[PDB]
Structures are given as structure tokens and as C-alpha cells.
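S.K.: Would you mind keeping the following structure in view while I ask a few things?
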Amino acid sequence: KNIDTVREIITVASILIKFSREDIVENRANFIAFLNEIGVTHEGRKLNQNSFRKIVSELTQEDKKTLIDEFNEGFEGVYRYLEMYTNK
DNA sequence: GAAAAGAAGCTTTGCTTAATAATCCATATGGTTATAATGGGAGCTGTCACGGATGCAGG
């Protein structure tokens, strides 16, 4: 379904903020322009801000859990250091 | 083949918020006090065994 399109969204976000290029995620319209030029596609077309908030909105809680769990896999070296000093 | 229906793509719009005028207030700094006002205080008090460096002295 659309869940796979969201998977490529967060994966491109993972590469994007992983390679020290941050400022293009927090602003939204330029980010959607970036996603449209790299050629992601939900239902045969480009991405609208309404369409973006729908596809983020129309979404299941367990799938969201799956997406953040998949997202945390690249950022493992940060989290091991993060929790090694919090084992109280 | 019609017709409701929902998205694509424009707009607004009530709300927010970051930039910036205004103001006030901590802060520094200095001055200025004209009778006279003339040597401190805890110091521990019940180690101790060695040891080397002064220290003093007579031959």
C-alpha cells in the first residue's frame, strides 16, 4: 500500500540527515520539491502538501511502530553510546 | 453511457511567531562624607621513632 511509499520517504530522510545535510528536512516545501525531483510517486503522480499530510495521516499505529523501528536501525552507533551512560 | 464522488490544484485565514521599537533598571563608578577614634589572635598543649642537618665547643 502507501506504507511502502512512506518507507522510501523515511529511508530517503535517513540518508538525508545521515550525510550531514540537515536543513532540507525541517523546511517542508523544499523537502517535497527534493522528493519530487528524485522521483518518488504515490498513485502515479507527484507529492502535494495535502497529499503528504494525508499519507502521513492515513496510517496505522503498528505500522508507525514498524517505521520508527526500521528507522532506528541505521542509527545504532548513536544509540549504543546514548544508553551506555544511562544504565542507572 | 450517465452521475455522484473524490482528488489536484488554486485560493484564503485565523493563528503564531520572530523581528524590532520602547523602556527601565541593574550596575558601575565616583564622590563624599571633615570633633575625635593610634600594635591581633588562635596559637595545642596526650605521639613517635628515626634521622640528618645544624649547632656549639674544646683541643
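Letters A, B, ... mark the chains of the C-alpha cells in the order given; residue numbers begin at 1 per chain; ligand numbers begin at 1, in order shown.
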Write out, as JSON lines, each residue of chain B that has an atom at most 10 Å from chain A, together with the closest pair of atoms and their distance in Å to one decimal, counting only C-alpha atoms (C1' of nucleotides), rows going by chain and rising number.
M.R.:
```
{"residue": "B:7", "atom": "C1'", "partner": "A:51", "partner_atom": "CA", "distance": 9.3}
{"residue": "B:8", "atom": "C1'", "partner": "A:48", "partner_atom": "CA", "distance": 8.6}
{"residue": "B:9", "atom": "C1'", "partner": "A:48", "partner_atom": "CA", "distance": 9.3}
```
S.K.: For stretch 66-80 of chain A, find every residue with an atom within 10 Å (counting only C-alpha atoms (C1' of nucleotides)), except residues of its own chain fewer than 6 positions away, and show them as number ranges by chain.
M.R.: A: 3-4, 6-7, 10-11, 13-15, 18, 60
S.K.: I need the helix (DSSP H, G or I) residues of chain A per DSSP on the backbone, written as a JSON list (two decimals) with N, CA, C and O atoms, in the first residue's frame.
M.R.:
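The result, written out as states.json:
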```json
[["chain", "number", "residue", "atom", "x", "y", "z"],
["A", 2, "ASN", "N", 0.29, 2.33, 0.55],
["A", 2, "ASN", "CA", 1.00, 3.59, 0.73],
["A", 2, "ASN", "C", 2.14, 3.48, 1.74],
["A", 2, "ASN", "O", 3.05, 4.32, 1.73],
["A", 3, "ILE", "N", 2.08, 2.45, 2.59],
["A", 3, "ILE", "CA", 3.07, 2.22, 3.64],
["A", 3, "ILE", "C", 4.47, 2.07, 3.05],
["A", 3, "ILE", "O", 5.46, 2.53, 3.64],
["A", 4, "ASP", "N", 4.57, 1.49, 1.86],
["A", 4, "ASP", "CA", 5.87, 1.35, 1.21],
["A", 4, "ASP", "C", 6.39, 2.69, 0.72],
["A", 4, "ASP", "O", 7.60, 2.95, 0.78],
["A", 5, "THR", "N", 5.49, 3.54, 0.23],
["A", 5, "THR", "CA", 5.88, 4.89, -0.16],
["A", 5, "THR", "C", 6.41, 5.67, 1.03],
["A", 5, "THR", "O", 7.43, 6.35, 0.94],
["A", 6, "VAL", "N", 5.77, 5.48, 2.19],
["A", 6, "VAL", "CA", 6.27, 6.10, 3.41],
["A", 6, "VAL", "C", 7.62, 5.50, 3.81],
["A", 6, "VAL", "O", 8.49, 6.21, 4.34],
["A", 7, "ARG", "N", 7.84, 4.21, 3.51],
["A", 7, "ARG", "CA", 9.14, 3.59, 3.77],
["A", 7, "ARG", "C", 10.24, 4.25, 2.97],
["A", 7, "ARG", "O", 11.33, 4.52, 3.50],
["A", 8, "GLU", "N", 9.99, 4.55, 1.69],
["A", 8, "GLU", "CA", 11.02, 5.27, 0.95],
["A", 8, "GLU", "C", 11.15, 6.71, 1.42],
["A", 8, "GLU", "O", 12.24, 7.28, 1.31],
["A", 9, "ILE", "N", 10.08, 7.30, 1.96],
["A", 9, "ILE", "CA", 10.19, 8.65, 2.49],
["A", 9, "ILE", "C", 11.13, 8.69, 3.68],
["A", 9, "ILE", "O", 12.08, 9.49, 3.71],
["A", 10, "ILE", "N", 10.92, 7.81, 4.66],
["A", 10, "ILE", "CA", 11.78, 7.84, 5.83],
["A", 10, "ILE", "C", 13.16, 7.30, 5.53],
["A", 10, "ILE", "O", 14.11, 7.64, 6.24],
["A", 11, "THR", "N", 13.30, 6.47, 4.50],
["A", 11, "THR", "CA", 14.62, 5.98, 4.16],
["A", 11, "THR", "C", 15.45, 7.07, 3.50],
["A", 11, "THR", "O", 16.63, 7.26, 3.84],
["A", 12, "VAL", "N", 14.83, 7.83, 2.58],
["A", 12, "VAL", "CA", 15.50, 8.98, 1.98],
["A", 12, "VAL", "C", 15.79, 10.03, 3.04],
["A", 12, "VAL", "O", 16.83, 10.69, 3.01],
["A", 13, "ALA", "N", 14.91, 10.15, 4.03],
["A", 13, "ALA", "CA", 15.19, 11.02, 5.16],
["A", 13, "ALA", "C", 16.37, 10.51, 5.98],
["A", 13, "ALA", "O", 17.14, 11.32, 6.50],
["A", 14, "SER", "N", 16.52, 9.20, 6.08],
["A", 14, "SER", "CA", 17.60, 8.63, 6.88],
["A", 14, "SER", "C", 18.94, 8.91, 6.24],
["A", 14, "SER", "O", 19.89, 9.33, 6.92],
["A", 15, "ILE", "N", 19.03, 8.68, 4.93],
["A", 15, "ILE", "CA", 20.24, 9.02, 4.19],
["A", 15, "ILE", "C", 20.48, 10.52, 4.24],
["A", 15, "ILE", "O", 21.62, 10.98, 4.41],
["A", 16, "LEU", "N", 19.40, 11.28, 4.16],
["A", 16, "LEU", "CA", 19.49, 12.73, 4.01],
["A", 16, "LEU", "C", 20.06, 13.37, 5.26],
["A", 16, "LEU", "O", 21.04, 14.12, 5.19],
["A", 17, "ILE", "N", 19.51, 13.05, 6.43],
["A", 17, "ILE", "CA", 20.08, 13.63, 7.64],
["A", 17, "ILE", "C", 21.25, 12.82, 8.14],
["A", 17, "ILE", "O", 21.92, 13.25, 9.09],
["A", 18, "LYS", "N", 21.52, 11.66, 7.56],
["A", 18, "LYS", "CA", 22.73, 10.96, 7.95],
["A", 18, "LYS", "C", 23.96, 11.62, 7.37],
["A", 18, "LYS", "O", 25.00, 11.69, 8.04],
["A", 23, "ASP", "N", 19.34, 20.84, 6.91],
["A", 23, "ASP", "CA", 18.42, 21.96, 6.85],
["A", 23, "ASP", "C", 17.27, 21.73, 5.89],
["A", 23, "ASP", "O", 16.16, 22.21, 6.13],
["A", 24, "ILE", "N", 17.48, 20.80, 4.95],
["A", 24, "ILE", "CA", 16.44, 20.48, 3.93],
["A", 24, "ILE", "C", 15.37, 19.50, 4.46],
["A", 24, "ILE", "O", 14.59, 19.02, 3.61],
["A", 25, "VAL", "N", 15.30, 19.19, 5.76],
["A", 25, "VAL", "CA", 14.23, 18.28, 6.13],
["A", 25, "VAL", "C", 13.19, 19.11, 6.87],
["A", 25, "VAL", "O", 11.99, 18.90, 6.71],
["A", 26, "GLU", "N", 13.66, 20.06, 7.69],
["A", 26, "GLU", "CA", 12.78, 20.76, 8.61],
["A", 26, "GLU", "C", 11.87, 21.73, 7.87],
["A", 26, "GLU", "O", 10.68, 21.85, 8.21],
["A", 29, "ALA", "N", 8.37, 22.59, 2.06],
["A", 29, "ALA", "CA", 8.07, 22.71, 0.63],
["A", 29, "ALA", "C", 9.28, 22.38, -0.22],
["A", 29, "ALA", "O", 9.17, 21.70, -1.25],
["A", 30, "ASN", "N", 10.46, 22.84, 0.21],
["A", 30, "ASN", "CA", 11.69, 22.48, -0.48],
["A", 30, "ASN", "C", 11.99, 21.00, -0.35],
["A", 30, "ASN", "O", 12.54, 20.38, -1.26],
["A", 31, "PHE", "N", 11.63, 20.42, 0.80],
["A", 31, "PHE", "CA", 11.79, 18.99, 1.01],
["A", 31, "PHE", "C", 10.92, 18.19, 0.05],
["A", 31, "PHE", "O", 11.37, 17.21, -0.54],
["A", 32, "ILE", "N", 9.68, 18.63, -0.14],
["A", 32, "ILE", "CA", 8.79, 17.96, -1.08],
["A", 32, "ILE", "C", 9.25, 18.18, -2.51],
["A", 32, "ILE", "O", 9.08, 17.30, -3.37],
["A", 33, "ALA", "N", 9.88, 19.32, -2.79],
["A", 33, "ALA", "CA", 10.48, 19.52, -4.11],
["A", 33, "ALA", "C", 11.64, 18.56, -4.34],
["A", 33, "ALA", "O", 11.82, 18.03, -5.45],
["A", 34, "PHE", "N", 12.42, 18.30, -3.28],
["A", 34, "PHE", "CA", 13.51, 17.34, -3.35],
["A", 34, "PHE", "C", 12.98, 15.94, -3.61],
["A", 34, "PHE", "O", 13.50, 15.21, -4.47],
["A", 35, "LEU", "N", 11.92, 15.56, -2.89],
["A", 35, "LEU", "CA", 11.32, 14.25, -3.08],
["A", 35, "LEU", "C", 10.68, 14.11, -4.45],
["A", 35, "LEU", "O", 10.68, 13.02, -5.03],
["A", 36, "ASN", "N", 10.15, 15.20, -5.00],
["A", 36, "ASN", "CA", 9.54, 15.11, -6.32],
["A", 36, "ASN", "C", 10.60, 15.01, -7.40],
["A", 36, "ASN", "O", 10.41, 14.29, -8.38],
["A", 37, "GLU", "N", 11.72, 15.71, -7.24],
["A", 37, "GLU", "CA", 12.75, 15.62, -8.27],
["A", 37, "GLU", "C", 13.49, 14.30, -8.21],
["A", 37, "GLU", "O", 13.96, 13.81, -9.24],
["A", 38, "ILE", "N", 13.63, 13.69, -7.02],
["A", 38, "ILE", "CA", 14.25, 12.37, -7.01],
["A", 38, "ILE", "C", 13.29, 11.28, -7.47],
["A", 38, "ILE", "O", 13.72, 10.15, -7.69],
["A", 49, "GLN", "N", 1.37, 18.87, -0.52],
["A", 49, "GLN", "CA", 1.40, 19.04, 0.92],
["A", 49, "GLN", "C", 0.16, 18.46, 1.58],
["A", 49, "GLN", "O", 0.23, 17.85, 2.65],
["A", 50, "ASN", "N", -1.00, 18.65, 0.93],
["A", 50, "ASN", "CA", -2.21, 17.96, 1.35],
["A", 50, "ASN", "C", -2.04, 16.45, 1.22],
["A", 50, "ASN", "O", -2.42, 15.70, 2.12],
["A", 51, "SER", "N", -1.45, 16.01, 0.11],
["A", 51, "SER", "CA", -1.23, 14.59, -0.11],
["A", 51, "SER", "C", -0.22, 14.03, 0.87],
["A", 51, "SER", "O", -0.36, 12.89, 1.33],
["A", 52, "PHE", "N", 0.77, 14.84, 1.23],
["A", 52, "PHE", "CA", 1.78, 14.43, 2.20],
["A", 52, "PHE", "C", 1.16, 14.26, 3.58],
["A", 52, "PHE", "O", 1.40, 13.27, 4.26],
["A", 53, "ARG", "N", 0.34, 15.23, 3.99],
["A", 53, "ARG", "CA", -0.28, 15.11, 5.30],
["A", 53, "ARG", "C", -1.37, 14.07, 5.33],
["A", 53, "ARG", "O", -1.68, 13.54, 6.40],
["A", 54, "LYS", "N", -1.96, 13.74, 4.18],
["A", 54, "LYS", "CA", -2.87, 12.60, 4.13],
["A", 54, "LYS", "C", -2.11, 11.30, 4.32],
["A", 54, "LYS", "O", -2.51, 10.45, 5.13],
["A", 55, "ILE", "N", -1.01, 11.12, 3.59],
["A", 55, "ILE", "CA", -0.35, 9.83, 3.61],
["A", 55, "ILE", "C", 0.39, 9.62, 4.93],
["A", 55, "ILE", "O", 0.51, 8.49, 5.41],
["A", 56, "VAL", "N", 0.82, 10.70, 5.58],
["A", 56, "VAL", "CA", 1.28, 10.59, 6.96],
["A", 56, "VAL", "C", 0.10, 10.34, 7.88],
["A", 56, "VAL", "O", 0.18, 9.54, 8.82],
["A", 57, "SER", "N", -1.04, 10.97, 7.59],
["A", 57, "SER", "CA", -2.20, 10.85, 8.45],
["A", 57, "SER", "C", -2.85, 9.48, 8.31],
["A", 57, "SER", "O", -3.07, 8.78, 9.31],
["A", 61, "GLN", "N", -1.06, 2.64, 13.61],
["A", 61, "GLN", "CA", -0.14, 2.81, 14.73],
["A", 61, "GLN", "C", 0.95, 1.75, 14.75],
["A", 61, "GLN", "O", 2.12, 2.05, 15.01],
["A", 62, "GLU", "N", 0.58, 0.49, 14.48],
["A", 62, "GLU", "CA", 1.57, -0.58, 14.45],
["A", 62, "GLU", "C", 2.53, -0.42, 13.29],
["A", 62, "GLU", "O", 3.72, -0.74, 13.41],
["A", 63, "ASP", "N", 2.03, 0.09, 12.16],
["A", 63, "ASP", "CA", 2.91, 0.38, 11.04],
["A", 63, "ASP", "C", 3.85, 1.53, 11.37],
["A", 63, "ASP", "O", 5.00, 1.53, 10.92],
["A", 64, "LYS", "N", 3.37, 2.50, 12.14],
["A", 64, "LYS", "CA", 4.24, 3.58, 12.60],
["A", 64, "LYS", "C", 5.34, 3.05, 13.49],
["A", 64, "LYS", "O", 6.50, 3.45, 13.37],
["A", 65, "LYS", "N", 4.99, 2.11, 14.38],
["A", 65, "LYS", "CA", 5.97, 1.42, 15.20],
["A", 65, "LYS", "C", 6.99, 0.68, 14.35],
["A", 65, "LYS", "O", 8.19, 0.70, 14.65],
["A", 66, "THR", "N", 6.52, 0.05, 13.27],
["A", 66, "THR", "CA", 7.42, -0.64, 12.35],
["A", 66, "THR", "C", 8.35, 0.34, 11.65],
["A", 66, "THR", "O", 9.53, 0.05, 11.43],
["A", 67, "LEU", "N", 7.84, 1.53, 11.33],
["A", 67, "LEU", "CA", 8.65, 2.50, 10.60],
["A", 67, "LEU", "C", 9.71, 3.12, 11.49],
["A", 67, "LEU", "O", 10.84, 3.33, 11.04],
["A", 68, "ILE", "N", 9.38, 3.43, 12.74],
["A", 68, "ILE", "CA", 10.41, 4.01, 13.59],
["A", 68, "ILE", "C", 11.40, 2.95, 14.02],
["A", 68, "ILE", "O", 12.58, 3.25, 14.23],
["A", 69, "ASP", "N", 10.95, 1.70, 14.13],
["A", 69, "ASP", "CA", 11.89, 0.63, 14.43],
["A", 69, "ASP", "C", 12.86, 0.39, 13.28],
["A", 69, "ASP", "O", 14.05, 0.17, 13.50],
["A", 70, "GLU", "N", 12.35, 0.44, 12.04],
["A", 70, "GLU", "CA", 13.24, 0.35, 10.89],
["A", 70, "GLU", "C", 14.15, 1.56, 10.80],
["A", 70, "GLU", "O", 15.32, 1.44, 10.41],
["A", 71, "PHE", "N", 13.65, 2.73, 11.20],
["A", 71, "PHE", "CA", 14.45, 3.94, 11.15],
["A", 71, "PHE", "C", 15.58, 3.91, 12.16],
["A", 71, "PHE", "O", 16.67, 4.44, 11.90],
["A", 76, "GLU", "N", 22.38, 3.12, 15.03],
["A", 76, "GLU", "CA", 22.62, 2.22, 16.15],
["A", 76, "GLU", "C", 23.85, 2.63, 16.94],
["A", 76, "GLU", "O", 23.84, 2.55, 18.18],
["A", 77, "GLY", "N", 24.89, 3.10, 16.25],
["A", 77, "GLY", "CA", 26.08, 3.55, 16.93],
["A", 77, "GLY", "C", 25.85, 4.78, 17.79],
["A", 77, "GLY", "O", 26.57, 5.01, 18.76],
["A", 78, "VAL", "N", 24.84, 5.57, 17.45],
["A", 78, "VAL", "CA", 24.49, 6.69, 18.30],
["A", 78, "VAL", "C", 23.76, 6.21, 19.54],
["A", 78, "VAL", "O", 24.02, 6.67, 20.65],
["A", 79, "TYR", "N", 22.85, 5.25, 19.37],
["A", 79, "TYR", "CA", 22.00, 4.86, 20.49],
["A", 79, "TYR", "C", 22.73, 3.99, 21.49],
["A", 79, "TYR", "O", 22.38, 4.02, 22.68],
["A", 80, "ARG", "N", 23.71, 3.21, 21.05],
["A", 80, "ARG", "CA", 24.51, 2.44, 21.99],
["A", 80, "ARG", "C", 25.31, 3.35, 22.90],
["A", 80, "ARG", "O", 25.34, 3.16, 24.12],
["A", 81, "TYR", "N", 25.93, 4.37, 22.32],
["A", 81, "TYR", "CA", 26.58, 5.41, 23.11],
["A", 81, "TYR", "C", 25.58, 6.18, 23.94],
["A", 81, "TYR", "O", 25.93, 6.71, 25.00],
["A", 82, "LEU", "N", 24.34, 6.27, 23.47],
["A", 82, "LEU", "CA", 23.35, 7.07, 24.19],
["A", 82, "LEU", "C", 22.89, 6.35, 25.44],
["A", 82, "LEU", "O", 22.66, 6.98, 26.47],
["A", 83, "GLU", "N", 22.75, 5.04, 25.37],
["A", 83, "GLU", "CA", 22.24, 4.31, 26.51],
["A", 83, "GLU", "C", 23.34, 3.70, 27.37],
["A", 83, "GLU", "O", 23.04, 3.18, 28.44],
["A", 84, "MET", "N", 24.59, 3.73, 26.91],
["A", 84, "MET", "CA", 25.65, 3.18, 27.73],
["A", 84, "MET", "C", 25.91, 4.05, 28.95],
["A", 84, "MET", "O", 26.32, 3.54, 30.00]]
```
S.K.: Between atom CA of residue A:44 and atom CA of residue A:1, measure the distance and give it in Å to one decimal.
M.R.: 13.1 Å
